[PDB]
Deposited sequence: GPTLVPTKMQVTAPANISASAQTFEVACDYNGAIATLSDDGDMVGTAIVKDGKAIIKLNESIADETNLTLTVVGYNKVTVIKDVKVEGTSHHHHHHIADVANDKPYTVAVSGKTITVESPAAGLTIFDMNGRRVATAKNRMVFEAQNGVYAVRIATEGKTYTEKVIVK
């Protein structure tokens, strides 16, 4: 029968984060952040903590799952909120056009850095790579992920 381990982690993570710290009383447990499969970073617990280095930007996510697994331990799972229909996000060559009347718009580069903020509409002049767009309306934030060639 497996035993329990203690796990403490934040309930929220910045859209711009590069790391996520997990405390755990079982050294050698593995703590992983994921979006429905897509594993976005993993670290082993050493000296009571795992410092997860993200392997990609999570700015295109509104939630992530934290899972901590240990040998003969009960797995621990926690939901983590990521914080930065009625919109469009358009790509044309190196431009990204975002439109959503009354909404806060933000774009993040592939390192998670916030590169643009505007209300209602913006055209962003991008470079080759992958961007996240977050569209914050009253009640709800939507996201899209954009490839610029």
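Positions of the deposited sequence absent from the coordinates, in order: 1-4, 89-103.
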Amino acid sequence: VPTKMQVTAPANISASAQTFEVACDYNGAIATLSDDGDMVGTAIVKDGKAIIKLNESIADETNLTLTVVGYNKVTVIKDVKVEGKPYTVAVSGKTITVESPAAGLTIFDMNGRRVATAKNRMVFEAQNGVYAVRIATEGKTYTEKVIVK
From here on, numbers count along this sequence of modelled residues.
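Comparing 44-52 with 62-70, the higher mean C-alpha B-factor in the PDB entry belongs to 44-52. Annotation for 104-112 versus 33-41: the higher mean temperature factor (C-alpha) is found in 33-41.
In the deposited entry, the Cα temperature factor of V7 places it in the middle third of its chain's modelled residues.
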